[PDB]
Amino acid sequence: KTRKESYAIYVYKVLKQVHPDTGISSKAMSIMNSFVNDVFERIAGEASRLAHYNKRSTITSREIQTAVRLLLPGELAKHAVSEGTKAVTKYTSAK
DNA sequence: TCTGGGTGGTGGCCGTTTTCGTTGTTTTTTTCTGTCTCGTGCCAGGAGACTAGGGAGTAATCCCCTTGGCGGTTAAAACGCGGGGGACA
């Protein structure tokens with residue numbers, strides 16, 4: 001029985017974070033997983049293009065941030081950048 | 001006293017409002033069923049700790065080209081007049 005990976009459990013955790021008393025259906029979970037994969041691919045591809053354009057061989061958090069600012073619209077981009085910076089700072093704080 | 005004009009009342013026609021029944025749809029309570037969510041167990045991917053190397057950060061130098069400004073020419077933009085053909089009712 002093949003072991004197929006998905007974002008189902010993390011999407012569920014985020015859902016219980018925002019709407020504690022609310023479930024999700026299998027079809028909706030599949031749509032959410034597809035959405036996460038699509039956004040991942042878009043941001044990662046834009047970051048790869050950014051690194052290539054600058055003759056840089058590494059994808060850093062700066063490349064991800066610029067990719068996010070390019071892809072997402074105004075307010076969504078602002079808040080995504082805020083969350084990303086928060087997470088990166090919290091990560092570097094701990095070891 | 002008669003005729004014309006204007007106002008007031010009555011009647012007729014038209015428009016609006018309501019007024020009503022009829023379907024269609026929404027809401028509510030009961031049923032029941034199958035997928036969502038939780039648990040168990042295993043495993044394999046992530047973590048930890050460590051070494052090696054070079055990608056990239058950083059400083060210094062330089063040489064391009066981006067900015068600024070200035071004057072002369074004149075091509076283009078503006079403003080106006082006029083008319084007719086196109087929008088639209």
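Excluded from the calculations below are hydrogen atoms, water molecules and symmetry mates; all remaining heavy atoms, backbone and side chain alike, are included. We name chains A, B, ... by the order of the sequence lines, and we start the count at 1 in each one.
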*Under 3.5 Å, is there a donor-acceptor pair between the side chain of A:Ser93 and the main chain of A:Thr89?*
yes
*Which of residues 20-32 of chain A sit near DNA chain B, with a heavy atom under 4.0 Å from it?*
A:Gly23, A:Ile24, A:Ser25, A:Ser26
_Side-chain donor or acceptor of A:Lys16 paired with backbone N/O of A:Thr22 under 3.5 Å_ = yes
*Pairwise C1' distance for B:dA78 and B:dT74, with rounding to whole Å*: 16 Å
*Closest non-hydrogen atom pair between A:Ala67 and A:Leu50, with its separation*: N-CD1, 3.7 Å
*Whether A:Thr60 side chain and A:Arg62 backbone form a donor-acceptor pair below 3.5 Å*: yes
*For A:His52 and A:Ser48, indicate whether the former's side chain and the latter's backbone hold a donor-acceptor pair under 3.5 Å.*
no
*Under a single-linkage definition using a 4.5 Å side-chain heavy-atom cutoff for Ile, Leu, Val, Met, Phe, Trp and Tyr, are A:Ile31 and A:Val14 assigned to the same hydrophobic cluster?*
no
*Are A:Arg49 and A:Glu46 within salt-bridge range, i.e. N to O under 4.0 Å?*
yes
*What does nucleotides 42-61 of chain B look like as a protein-contact string, B for base, S for sugar-phosphate only, - for none, at under 4.0 angstrom between heavy atoms?*
---S---------SSS----
*asked:* Students should be able to answer this: classify the pucker of B:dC79 from the sign of its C1'-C2'-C3'-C4' torsion, north or south.
replied: south
*CD1 of A:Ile9 versus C1' of B:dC36: gap in Å, rounded?*
16 Å
*Any side-chain heavy atom of A:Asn33 within less than 4.5 Å of one from A:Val11?*
no
